[PDB]
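Here's the structure, in structure tokens; my notes come after.
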Amino acid sequence: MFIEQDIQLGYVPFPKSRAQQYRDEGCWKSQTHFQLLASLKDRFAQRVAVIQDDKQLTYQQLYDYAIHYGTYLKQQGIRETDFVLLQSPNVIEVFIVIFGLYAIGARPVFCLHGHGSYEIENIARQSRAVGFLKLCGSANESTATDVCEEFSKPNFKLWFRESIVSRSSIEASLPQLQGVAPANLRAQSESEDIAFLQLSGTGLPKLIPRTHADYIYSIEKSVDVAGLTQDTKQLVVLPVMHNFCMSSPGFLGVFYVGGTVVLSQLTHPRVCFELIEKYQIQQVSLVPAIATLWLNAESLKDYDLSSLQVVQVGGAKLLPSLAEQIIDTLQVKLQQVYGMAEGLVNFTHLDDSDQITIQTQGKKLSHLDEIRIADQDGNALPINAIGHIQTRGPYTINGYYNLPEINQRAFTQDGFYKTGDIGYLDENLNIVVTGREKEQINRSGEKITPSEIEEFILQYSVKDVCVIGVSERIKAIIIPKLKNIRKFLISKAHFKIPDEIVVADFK
Ligand SMILES: Nc1ncnc2c1ncn2[C@@H]1O[C@H](COS(=O)(=O)NC(=O)c2ccccc2O)[C@@H](O)[C@H]1O
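Have a look at this one:
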């Protein structure tokens with residue numbers, strides 16, 4: 001509907017032919033995030049959707065509160081297609097604010113709890129957001145206005161600044177709803194319109212526009228490969244604003260099948276063990292550093308963790324020995340997940356042998372996912388060859404939002420997203436992530452982002469550049490189309515200019 005305006009505002013859409021294929025093969029469906037919630041309330045009304053301390057929401061209550069909060073937002077002047085920044089810890093009112101935004105067609109911009117005002121400020125400008133919503137776990141935290149008082153330049157267009165303090169009951173956390181009669186809220190957005198912006202995972208974060216249809220599709224596929232059912236009890240320890248926690252399979256997957264999410268503000272081992280034993284949790288998603296915390300907690304022996312069935316681990320390199328240790332100590336099926344907020348997610352399978360779950364990051368979600376392992380010159384590589392992992396598919400973005408200069412470098416000519424990861428596809432077509440394309444260079448004690456230097460060098465006539473380190482020292486491989501490179505760089511951080519520099524191939 002609004003795709004005309006969005007394209008003019010920075011959105012890069014799916015190419016018309018690919019979009020039609022994802023329609024006809026039954027990937028993209030016709031439900032927005034909020035219409036999906038309305039149908040979950042239709043099917044699972046009185047089931048508990050979310051639990052946090054002494055607070056809980058059934059699917060019915062979540063729908064009502066969301067409707068009530070959307071009506072509030074509308075009354076305060078928030079409108080459809082507006083971007084609203086959302087920053088929140090792992091608190092239960094976050095689910096009311098997310099679907100409240102979806103109820104009026106507003107678009108969340110999911111900000112990790114922890115991003116300072118320096119990040120919020122750039123995120124707010126790049127997205128042209130009109131609102132900042134900051135959920136706080138306590139009253140001693142910085143409010144939305146507090147963060148905005150730290151901007152380096154005023155942001156007049158960000159006029160909605162509101163903080164929710166999570167309290168001992170939902171009703172007390174949301175007093176602004178008292179003077180509001182719930183509406185009959187009609188959003189005009191279609192499932193192929195932009196639902197939200199995510200942030201990528205170095206420097207200033209880039210905005211990732213995801214549509215309803217493409218995100219709900221990835222969630223449905225993750226629901227299948229994680230094997231979620233309406234009896235699934237999932238512990239949420241990762242930050243709720245993170246793509247992994249949201250959808251892989253995340254809390255939305257649990258909502259999708261009518262299960263129960265159990266929300267912990269804390270990752271501390273004892274707290275999580277207590278919750279697992281108390282609620283008989285069957286699944287949890289972790290990153291390797293949380294798994295290490297857990298496998299080395301002396302509290303381990305002290306709790307009944309027998310209900311545990313499946314542990315997702317993703318987000319960073321998982322050493323096979325630590326994957327092995329997770330299976331043994333916790334006595335679960337390990338499910339490795341190699342995903343990115345930009346799109347593609349890969350899962351190992353529940354019927355995969357332990358060895359597969361120990362050695363690989365599994366298989367793409369969709370049969371329409373395309374994974375290219377590219378050599379240094381862009382050419383596709385065969386099975387068991389390490390190279391640059393690039394991808395394109397029915398839920399993978401085609402451009403970062405309102406970032407045309409970065410987009411020209413982050414996607415191939417034919418539209419493959421360049422993950423920055425290296426690895427290979429093995430005999431079973433399981434992907435194995437071995438490392439990063441450009442690790443940061445450690446020159447005389449300082450850390451430098453190679454892509455940060457390539458970008459400036461691309462503005463020289466530069467046709468291709470790859471910056472790497474030898475000896481600790483910074484070298485710039487150039488493809489045509498030293499003193500002058502550095503001179504030009506000083507023209508625009512001294513400790514980053516190359517120490518040596521022009522070949523034809525190997526980028
Ligand atoms: N199993 C893994 N083994 C090694 N490395 C991994 C990795 N999983 C991510 N990475 C690295 O993390 C980048 C993405 O970062 S992310 O936007 O935060 N999204 C996530 O981590 C994420 C994780 C699970 C599901 C959805 C997600 O979105 C990737 O490019 C790669 O470099």
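Mapped onto the entry's author numbering, the consecutive letters of the sequence shown carry residue numbers 1 to 183, 185 to 202, 205 to 463, 465 to 475, 481 to 490, 498 to 508, 511 to 519, 521 to 526. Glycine included, C-beta positions come from ideal geometry on N, C-alpha and C.
Leaving out five residues on either side along the sequence, give the residues of the same chain with a beta carbon under 7 Å from the beta carbon of residue i.
i: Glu93; result: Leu135, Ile164, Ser166, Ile170, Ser173, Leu174
i: residue 510; result: Because the chain is numbered 508 and then 511 with no intervening positions, residue 510 cannot be located in this model.
i: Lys153; result: none
i: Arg125; result: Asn155
i: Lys157; result: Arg128, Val130
According to DSSP, which residues form a beta bridge with residue i?
i: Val239; result: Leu266
i: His391; result: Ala377, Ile425
i: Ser288; result: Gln315
i: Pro108; result: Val84
i: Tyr65; result: In DSSP, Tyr65 forms no bridge with anything.
i: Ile434; result: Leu428
i: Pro212; result: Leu198
i: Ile7; result: None; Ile7 has no bridge partner.
i: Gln339; result: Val316
i: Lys367; result: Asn349
i: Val165; result: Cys136
i: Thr58; result: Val48
Using 10 angstroms around the beta-carbon of residue i, count the other beta-carbons present and answer buried if the total reaches 16, otherwise exposed.
i: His512; result: exposed
i: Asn431; result: exposed
i: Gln411; result: exposed
i: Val314; result: buried
i: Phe254; result: buried
i: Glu150; result: exposed
i: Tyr220; result: buried
i: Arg375; result: buried
i: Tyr59; result: buried
i: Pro489; result: exposed
i: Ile400; result: buried
i: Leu498; result: exposed
i: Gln8; result: exposed
i: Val522; result: exposed
i: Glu449; result: exposed
i: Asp307; result: exposed
What's the gap between the Cα of residue i and the Cα of residue j?
i: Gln462; j: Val469; result: 11 Å
i: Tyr69; j: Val50; result: 17 Å
i: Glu223; j: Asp305; result: 36 Å
i: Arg23; j: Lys29; result: 7 Å
i: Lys366; j: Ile392; result: 13 Å
i: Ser475; j: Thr332; result: 42 Å
i: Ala144; j: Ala45; result: 33 Å
i: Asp357; j: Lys336; result: 7 Å
i: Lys209; j: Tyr118; result: 14 Å
i: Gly202; j: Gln379; result: 23 Å
i: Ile486; j: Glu80; result: 47 Å
i: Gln312; j: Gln268; result: 22 Å
i: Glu193; j: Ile483; result: 44 Å
i: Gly105; j: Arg213; result: 14 Å
i: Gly179; j: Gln283; result: 39 Å
i: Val287; j: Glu4; result: 40 Å
i: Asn382; j: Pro397; result: 22 Å
i: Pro516; j: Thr415; result: 26 Å
i: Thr437; j: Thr422; result: 13 Å
i: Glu280; j: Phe525; result: 54 Å
i: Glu518; j: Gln443; result: 17 Å
i: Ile293; j: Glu373; result: 31 Å
i: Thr452; j: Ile123; result: 20 Å
i: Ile456; j: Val471; result: 7 Å
i: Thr363; j: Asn140; result: 43 Å
i: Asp355; j: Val264; result: 26 Å
For residue i, collect the residues of the same chain with a Cβ closer than 6 Å to its Cβ; drop the 5 residues on either side in sequence, then sort them by chain order.
i: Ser251; result: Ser225, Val340, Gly342, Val348
i: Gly10; result: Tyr404, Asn405
i: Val243; result: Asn90, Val94
i: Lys467; result: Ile488, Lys490
i: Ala66; result: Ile96, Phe99, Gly100, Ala103
i: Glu191; result: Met1
If residue i sits next to residue j, beta carbons under 8 Å apart, how far is it from one beta carbon to the other, in whole angstroms?
i: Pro15; j: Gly418; result: 7 Å
i: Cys111; j: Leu85; result: 6 Å
i: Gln334; j: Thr351; result: So it is not a contact: roughly 17 Å between Cβ atoms.
i: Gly262; j: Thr235; result: 4 Å
i: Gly256; j: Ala229; result: 6 Å
i: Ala319; j: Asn246; result: That belief does not hold up - the Cβ atoms of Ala319 and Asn246 are roughly 14 Å apart, past 8 Å.
i: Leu289; j: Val316; result: 5 Å
Within its chain, find whatever has a CB closer than 8 Å to the CB of residue i; leave out the 5 residues flanking it on each side and keep chain order.
i: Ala300; result: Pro272, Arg273, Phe276
i: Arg107; result: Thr81, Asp82, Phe83, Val84, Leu101, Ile195, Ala196, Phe197, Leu198
i: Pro182; result: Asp64, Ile67, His68, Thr71
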